[PDB]
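Shown below, as structure tokens, is a lone chain in the form deposited in one PDB entry; questions about how it binds or moves come after it.
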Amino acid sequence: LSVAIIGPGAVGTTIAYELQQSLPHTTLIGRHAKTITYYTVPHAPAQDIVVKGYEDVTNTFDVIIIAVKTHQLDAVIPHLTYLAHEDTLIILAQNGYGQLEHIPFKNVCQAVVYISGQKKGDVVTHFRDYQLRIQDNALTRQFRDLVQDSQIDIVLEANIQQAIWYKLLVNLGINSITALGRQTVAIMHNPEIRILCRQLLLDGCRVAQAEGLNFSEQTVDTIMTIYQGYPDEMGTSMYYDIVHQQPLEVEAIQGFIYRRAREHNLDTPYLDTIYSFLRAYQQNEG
């Protein structure tokens, strides 16, 4: 079992570093060959990790982990013809729930990613966590055993939908507020912001229910409690994106919840307003 990671961003690089320690043939792939500086934690000693360009790959892989941004997914797909074979397990180490439809392979899996860090130029700094939550099946189970000497934590879920929706909602509240606010978590000091944040999660909660899940006001509480644990100066990925004038992962997150809202013909005023500012940002950035 051979393993490639596509997308030398923060998540992809962490996964590659950690897997490479016990599984040295594990390949990190991007657009161009290069060397990346990686820090397991801020101020730890520098480590080198090699990136291989698509052109440079000569073999196929039994497992492919895709870790680009959600909006970069389509650009990756055509390379899978040269990297994958028919039975290749394709794991999406990506936020939200992406355009899986677009991926022409038997074995595709949206993971839920709990791995934090940042990329700045060719420098990646990991912060905390090494976790991937994936659908239980014989392929993912085989992968979990392969990685048992690493600290990458593969959690196999009987039904991955719930895990996906839960993280959708954790992102929905704080990412939306910090990005549209152009502010760090400090923005949560405003009581009107906290109320909005709560209402936004209830909107998402109502969509989750319509999709089959027993999320409740209590679920909302646990999320608001996760948020209180955040420090004031913490940003979010979507906040960072908006501030550096980059595209957003909106379509796979807020966009995904919005589309499921219209499908079930629901009333989601907070979600709609947040989604429309986000979308309008995308259209201008583009």
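The first residue of the sequence shown is number 1, and the count goes up from there.
Just so it is clear, the following notes concern the form solved in complex with a small molecule, a form of the same protein that is not shown.
Among the residues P247, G30, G255, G235, the one placing a heavy atom within 4.5 Å of the small molecule in the bound PDB entry is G30. The contact residue chosen from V76, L180, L139, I154 relative to the small molecule in the bound PDB entry is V76, the criterion being a non-hydrogen atom within 4.5 angstroms. Comment: 68-76 is the region of 156-164, 68-76, 180-188, 201-209 lying near the small molecule in the bound PDB entry, near meaning a non-hydrogen atom within 4.5 Å. Interface membership of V147, defined by any non-hydrogen atom within 4.5 Å of the small molecule in the bound PDB entry, is ruled out.
Shown alone here, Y54 lies within 4.5 Å of the small molecule in the bound PDB entry, counting heavy atoms only. Not displayed here, the small molecule is approached by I115 to within 4.5 Å at the level of heavy atoms in the bound PDB entry.
Among residues of the shown chain, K119 is one whose heavy atoms approach the small molecule to within 4.5 Å in the bound PDB entry.
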